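**Q** Sharing an experimental structure here, sequence included.
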Amino acid sequence: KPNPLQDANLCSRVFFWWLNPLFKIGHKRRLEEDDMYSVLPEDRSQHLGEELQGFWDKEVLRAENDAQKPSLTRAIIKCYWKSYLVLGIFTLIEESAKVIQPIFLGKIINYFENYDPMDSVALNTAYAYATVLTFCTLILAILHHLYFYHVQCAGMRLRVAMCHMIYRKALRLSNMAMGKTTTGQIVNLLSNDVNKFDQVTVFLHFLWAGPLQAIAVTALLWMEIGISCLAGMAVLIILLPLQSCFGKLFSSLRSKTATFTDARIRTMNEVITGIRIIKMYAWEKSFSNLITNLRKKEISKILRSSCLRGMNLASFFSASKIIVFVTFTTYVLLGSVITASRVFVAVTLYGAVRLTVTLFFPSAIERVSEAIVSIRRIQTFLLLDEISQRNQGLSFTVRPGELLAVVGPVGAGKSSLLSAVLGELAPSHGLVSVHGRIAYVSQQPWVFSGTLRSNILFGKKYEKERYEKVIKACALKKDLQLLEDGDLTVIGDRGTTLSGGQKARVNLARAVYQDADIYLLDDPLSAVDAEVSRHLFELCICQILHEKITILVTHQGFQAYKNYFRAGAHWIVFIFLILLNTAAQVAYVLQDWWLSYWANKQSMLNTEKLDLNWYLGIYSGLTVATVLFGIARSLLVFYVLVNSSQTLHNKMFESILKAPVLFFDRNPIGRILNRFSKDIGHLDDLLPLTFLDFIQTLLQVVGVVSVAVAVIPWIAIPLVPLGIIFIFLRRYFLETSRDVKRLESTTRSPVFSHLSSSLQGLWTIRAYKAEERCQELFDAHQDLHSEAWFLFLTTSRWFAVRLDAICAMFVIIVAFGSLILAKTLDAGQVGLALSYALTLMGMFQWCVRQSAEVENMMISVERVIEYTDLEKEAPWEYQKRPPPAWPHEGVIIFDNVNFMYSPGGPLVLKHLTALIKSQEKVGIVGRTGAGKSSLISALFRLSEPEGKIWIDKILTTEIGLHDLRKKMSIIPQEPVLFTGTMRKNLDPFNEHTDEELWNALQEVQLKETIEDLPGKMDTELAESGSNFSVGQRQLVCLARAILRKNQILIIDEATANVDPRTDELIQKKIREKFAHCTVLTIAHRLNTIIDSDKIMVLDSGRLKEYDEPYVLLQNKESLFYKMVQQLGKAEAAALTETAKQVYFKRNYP
Ligand SMILES: CC(C)CCC[C@@H](C)[C@H]1CC[C@H]2[C@@H]3CC=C4C[C@@H](OC(=O)CCC(=O)O)CC[C@]4(C)[C@H]3CC[C@]12C
Ligand SMILES: CC(C)CCC[C@@H](C)[C@H]1CC[C@H]2[C@@H]3CC=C4C[C@@H](OC(=O)CCC(=O)O)CC[C@]4(C)[C@H]3CC[C@]12C
Ligand SMILES: CC(C)CCC[C@@H](C)[C@H]1CC[C@H]2[C@@H]3CC=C4C[C@@H](OC(=O)CCC(=O)O)CC[C@]4(C)[C@H]3CC[C@]12C
Ligand SMILES: CC(C)CCC[C@@H](C)[C@H]1CC[C@H]2[C@@H]3CC=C4C[C@@H](OC(=O)CCC(=O)O)CC[C@]4(C)[C@H]3CC[C@]12C
Ligand SMILES: CC(C)CCC[C@@H](C)[C@H]1CC[C@H]2[C@@H]3CC=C4C[C@@H](O)CC[C@]4(C)[C@H]3CC[C@]12C
Ligand SMILES: CC(C)CCC[C@@H](C)[C@H]1CC[C@H]2[C@@H]3CC=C4C[C@@H](O)CC[C@]4(C)[C@H]3CC[C@]12C
Ligand SMILES: CC(C)CCC[C@@H](C)[C@H]1CC[C@H]2[C@@H]3CC=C4C[C@@H](O)CC[C@]4(C)[C@H]3CC[C@]12C
């Protein structure tokens, strides 16, 4: 993949003319990894890493010789100073041009001030000054992009070399070092701490170009207006601590909102995870109340932070107005007069120095601080003790052809012995002599990123016959056939596409194919079956390894915007907001126009004087109006958008609380929580800020264009082509930038994956001498990502060059049409128009970038609105409320009941017809998934069933959901305890008394177990009772059932893996607590339901038998007797005897 940048001229490199085919291809179709350009030889990972490693080694040697600490910063400087000096030269030139061009602007205005229609030498000099101004504009607009690309490439090179050296160090760390650190510390310092180097170089040269530019601008201002510049300079200086305090207060406000956002997200996770149980118990109202309280508490602080951010933006908007106001107020109060040549030179110089002071210097300070911190961290990492290069009283030897075996309990030291053999255990005393290639198998299987064939090869050359022999010996044919691509299938991190046995088999195959002199195996057959383990142990060891040293360890659009804005406030508020923004921009421009009018009226004079009171009063009024309107616009925009976010969140949460269980079955929990964690997070604190910034910048651009058009009406003619070209160019760019932005995102993850895999299997990597091959693989992975970072930089520069070309064409048109039509213009108009044209720079590009960011961020709004209108089940309440004691008896009649999880899916129940008399015990038996689990769903109307179900001669489908689910108790398979007090977990609605709760706890025998915590019952618990036992949770649910005290009770899978003592306790309490309540039990074991009055028999969703268990046991052809006989003989006899005893005791007293 040749890189056309290698064969480009200087003219083709300044304008990025070599990137056109890529944009054409991206416009035609989509871009893949085959469409990228290979990196230049000077940008390869190995080259940069080796250079920086040599410099760092020299620095470390010098520091050790001089007996002091080494400096990674000093090494980096000594490496990159030569290449970073020339960028300093060009930034010096750029800042010089920025400072210089106001002088020629003022000279053009001065020509306009002494207009003589007959003189031509003055006109020629004015044309020359305009030409020099255009040259400065072209220097600032054209070459800056190549300069910026080189500046960013320097930081990219620094980051790549950093990553290479970090990986090289991490590949040889000692065991004590690995014990001190973790596998996450190495990953994070390369995933987030090395990215500071991409941004440190952009602002690195402003630390000396900020103060110098400020001093030069102050000197020029003193030359122009005099001592009056000190007021503007004082305001500009004061602007820095104000911003520092704003930041220090916003951070404090945000750290207080985070503590509520986290609690809200945790509660959301809990309710989403336990949605079936919450719907079963009808507690959605309580959870809604809790979430509403938390959301309101978070929203208050979000409102405070939004107000602070709006004030910050208003201050940024009106700072220039305030500076110019104070400067010229003192200028005219000291006794001088106002002229257009000086006013609009001071304005331009103040604008330049204001951008420099308020943005570039603080950004440089912050990024340099972060970079220094990161360099300190990396220097700390690069100095841990490393393994020395190979130059109780264990003493044994092993010869080739000997299958040594070690058998012992866990913790004996077999793994430690193998590590000592490999050299991992440092010999405190004794001597270990190991010579030759060593093959090692770790206890835990390890598979690195790549394919199965690549994993087996481990970098070795592929051989067909050897690979086939190894595969056949390892019995991997079935595992290969299990995959789609066979042996070429890509295995993900931790083998997500395979199993543990498959990973172990692949590792064994790789070890065998490596063909080492010494073979070491650790726990090979523990995680696999019997036949495969025997086949391995025989035909891959006793024959293959019979000639090798062996040691073995064995154990055997537009609607989106419309809805987003309509959710915020009524359309009248939108009209008022539009008017407010328009008035703010109008006043902002009218202040400058008033300065121009003052200059013109002073010039057209005569001694007569000007009304200072009048002019200064109108000036101050315009400034005050500008400031107030900016503040109002910012506050109103923030309030409206935050209210929109709040309303959207409320509607979405209310809709998802009522969505049926099918929606939660179809969607994963993480996907559900993403729209409450990330999308709402955007809508709450980033979209309003981005929207307000974009609106501000767009209105400023419109104001500049409007001033230019108003001064010279003919400028509206080239504007139509300049806008059409801009629209088409933006479409053309965005058709490829969005494809490039994802390549650099999906190519970054393999680096971290390889890092994690190499860290995990570091012992296996070092067992063989194949570590340079892993270094080369890491180099290739890093090259594949620097291959897309290159395009990310170059396409952005490509777009910026053409945007700057359009802006510079506009500036040139203004500056030359002013002189062409000089017979009708005057100094004030010319100065105003030309100064605004000069300010258009940077503003245009920032507006475009902010528009792109807003369009990117609207996806969260689209997702939130999509979840806002989900499906809704039957309402919780109906018009006809039931009698207060509708559970009179509990007789339940099923008549022609067909139930399916989803419409159009396979059926589960087929024509169920049965009757359940009050106060009887019913057992349910059958196959797993054969309709046993759908009975509770049909009875609780989780999915609306087909047919008629009668409870006390009332139809279930005729009464509301909350008026039905609340009157029948449920005991789930796995009980869940919700976060909160025991009082909350036993009675969320507070419908009972403390004495009743204590009585229930005594009945379930947790009262004594509870009354020893620091709190009586209000102790906070962990997620789903992590500090409690399964039996404890079951008894808590039993206490819930007793407290509810409903006539109908249903148990589903009571005991699965609980201790027999708690099982017997639960069974006896269930039997002796609910004598007068109808109980339906769905049990997977026949011991618990042997004494039931009747047993339901289900066969593939068909009701087969409905009679007494003894009667069914009498018939041998009955399904119940067959399932009994499957259990055994003695247990079957005991169950039959128990059924006979129950039948005799009940029916025949
Ligand atoms: C980005 C910057 C560093 C490059 C732009 C050039 C500048 C270094 C400036 C500084 C002083 C300027 C000069 C100052 C005064 C004049 C006199 C002026 O008037 C004439 O000599 C008459 C011209 C004519 O008759 O056409 C022409 C422009 C010129 C040479 C200027 C040309 C541009 C100069 C060299
Ligand atoms: C007219 C020109 C030549 C003046 C140049 C400006 C320097 C006198 C100052 C301005 C900003 C300063 C930097 C601001 C921030 C930092 C980070 C800071 O790093 C630390 O050692 C502190 C740890 C941390 O940053 O958390 C101190 C040095 C340094 C590079 C400073 C070095 C001296 C600098 C370049
Ligand atoms: C885009 C729209 C909806 C914004 C609001 C309307 C503006 C386009 C109007 C409202 C008031 C207008 C101003 C009202 C009066 C004048 C005086 C006028 O002064 C002169 O040049 C003549 C001298 C004189 O007025 O005696 C210049 C235009 C200006 C500033 C107008 C500029 C255009 C303004 C700001
Ligand atoms: C002459 C200039 C100042 C324009 C006049 C416009 C004002 C009449 C409007 C425009 C912006 C409005 C403000 C926009 C945003 C806010 C924040 C908003 O939220 C809060 O302060 C919290 C309210 C709560 O928590 O209930 C309350 C209304 C308020 C002050 C508005 C009050 C009325 C304002 C100042
Ligand atoms: C006196 C009138 C005629 C104008 C004379 C031009 C003078 C003032 C110009 C010419 C060269 C200019 C300097 C060129 C280079 C730089 C370095 C830059 O980082 C800050 C601005 C600064 C320091 C400029 C300040 C202004 C400057 C000294
Ligand atoms: C506050 C913004 C939104 C709009 C109001 C702008 C006001 C403050 C400005 C803009 C245009 C100005 C007017 C422009 C021209 C003249 C003609 C002169 O013989 C008397 C003053 C008068 C009439 C000015 C008074 C102040 C003025 C009305
Ligand atoms: C951003 C949008 C919504 C509103 C911005 C409108 C502003 C920037 C425009 C609209 C009308 C314009 C004015 C129209 C007419 C003149 C007279 C001319 O001799 C000097 C400029 C001046 C005074 C213009 C200054 C800029 C102006 C006030």
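**A** On my side now, so go ahead. Numbering: from 1, shown residues only. Ligands and ions are numbered 1, 2, ... in the order given.
**Q** quick one, what contacts the residue nearest to residue 275 when sequence neighbours are not counted?
**A** Leaving aside its chain neighbours, residue 275 sits nearest to residue 664 (5.2 Å; criterion: C-beta to C-beta, 6 or more residues apart in numbering). The C-beta positions use only the backbone N, C-alpha and C, and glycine is treated the same way. By C-beta atoms under 8 Å, 6 or more residues apart in numbering, the contact set of residue 664 is 272, 275-276, 672.
**Q** For the stretch 101-250 of the chain, what lies in contact range of ligand 5?
**A** 103, 209, 212-213, 216, 220 (C-beta under 6 Å from any ligand atom).
**Q** Show me the helices in the stretch 251-400 of the chain, by range?
**A** Applying DSSP state H, counting those that start in this stretch to the stretch 251-400 of the chain gives helices spanning 275-281, 284-333, 340-355, 361-381.
**Q** does any bit of the second one sit next to ligand 4?
**A** Yes: for a cut-off given as C-beta under 6 Å from any ligand atom, helix 284-333 has contacts with ligand 4, namely residue 303.
**Q** list the helices and strands that helix packs on?
**A** helix 229-273, helix 340-355, helix 571-603, helix 612-657, helix 680-685, helix 687-711 (3 or more C-beta pairs under 8 Å, 6 or more residues apart in numbering; DSSP states H and E).
**Q** does the residue of the stretch 1001-1149 of the chain at minimum distance from ligand 7 count as helix, strand or coil?
**A** The stretch 1001-1149 of the chain approaches ligand 7 most closely through residue 1023 (53.7 Å), counting by C-beta to the nearest ligand atom. Assigned by DSSP: H, G, I helix; E, B strand; the rest coil, the conformation of residue 1023 is coil.
**Q** just checking, it touches residue 270?
**A** Yes: here residue 1023 lies in contact with residue 270, judged by C-beta atoms under 8 Å, at a distance of 7.4 Å.
**Q** Which neighbours do the two have in common?
**A** Contact criterion C-beta under 8 Å, 6+ apart; residues shared by residue 1023 and residue 270: residue 979.
**Q** who has more neighbours, those two?
**A** Of the pair residue 1023 and residue 270, residue 270 is the one with more neighbours under other C-beta atoms under 10 Å, namely 19 against 14.
**Q** Verify the stated contact: that one with residue 1021.
**A** No: counting by C-beta under 8 Å, residue 270 does not reach residue 1021; the two are 11.4 Å apart.
**Q** anything in contact with each of these two?
**A** Taking C-beta under 8 Å, 6+ apart as the criterion, residue 270 and residue 1021 both touch residue 979.
**Q** Rebuild the contacts of residue 664 as TSV, extending it with distance to ligand 2 and neighbour count.
**A** Below are the contacts of residue 664 laid out as TSV (distance: C-beta to the nearest ligand atom, whole Å; neighbours: other C-beta atoms under 10 Å):
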residue	distance to ligand 2	neighbour count
272	41	17
275	47	21
276	51	17
672	41	20
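**Q** Check these one by one and keep those near ligand 1.
**A** Applying C-beta under 6 Å from any ligand atom to those, none is adjacent to ligand 1.
**Q** could the residues you listed be laid out in CSV, adding distance to ligand 7?
**A** Converted to CSV, those look like this (distance: C-beta to the nearest ligand atom, whole Å):
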residue, distance to ligand 7
272, 45
275, 49
276, 55
672, 42
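**Q** Would you mind listing the two of the residues you listed that lie farthest apart?
**A** For the contacts of residue 664, the maximum inter-member distance is 13.6 Å, found between 276 and 672 (C-beta to C-beta).
**Q** now stretch 245-265, how far from the chain's geometric center?
**A** Stretch 245-265 sits 18 Å away from the centroid of its parent chain (C-alpha atoms, centre = their mean, to the nearest Å).
**Q** tell me which residues in that stretch are buried?
**A** Residues 253, 257, 260-261, 263-265 are the ones in stretch 245-265 that count as buried (16 or more other C-beta atoms under 10 Å).
**Q** just these now: which is nearest residue 713?
**A** residue 253 (48.9 Å).
**Q** Next one: that closest one from ligand 5, what distance?
**A** Distance from residue 253 to ligand 5, counting by C-beta to the nearest ligand atom, to the nearest Å: 38 Å.
**Q** Go ahead and confirm that residue touches residue 305.
**A** Yes: Residue 253 is within contact range of residue 305, at 4.7 Å (criterion: C-beta under 8 Å).
**Q** Show me the contact partners of the host helix or strand of residue 56.
**A** Per DSSP states H and E: residue 56 is located in helix 45-66. By C-beta under 8 Å, 6+ apart, the surrounding residues in contact with helix 45-66 are 41, 69-72, 74-76, 78-79, 157, 160-165, 168, 382, 776, 778-779, 782-783, 786.
**Q** related to what we said a few turns ago, could you dump the buried residues of stretch 245-265 to TSV with distance to residue 238?
**A** Converted to TSV, the buried residues of stretch 245-265 look like this (distance: C-beta to C-beta, whole Å):
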residue	distance to residue 238
253	23
257	29
260	34
261	34
263	40
264	39
265	40
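**Q** which residue ranges form the strands in the stretch 901-1050 of the chain?
**A** Using DSSP state E, counting those that start in this stretch, the strands of the stretch 901-1050 of the chain run over residues 909-916, 921-925, 946-951, 954-955, 968-971, 1048-1052.
**Q** coming back round to it: could you say which helix or strand holds the residue nearest to residue 275?
**A** helix 661-666.
**Q** From the chain's centroid, how far away is that helix?
**A** The answer for helix 661-666 is 24 Å, by C-alpha atoms, centre = their mean.
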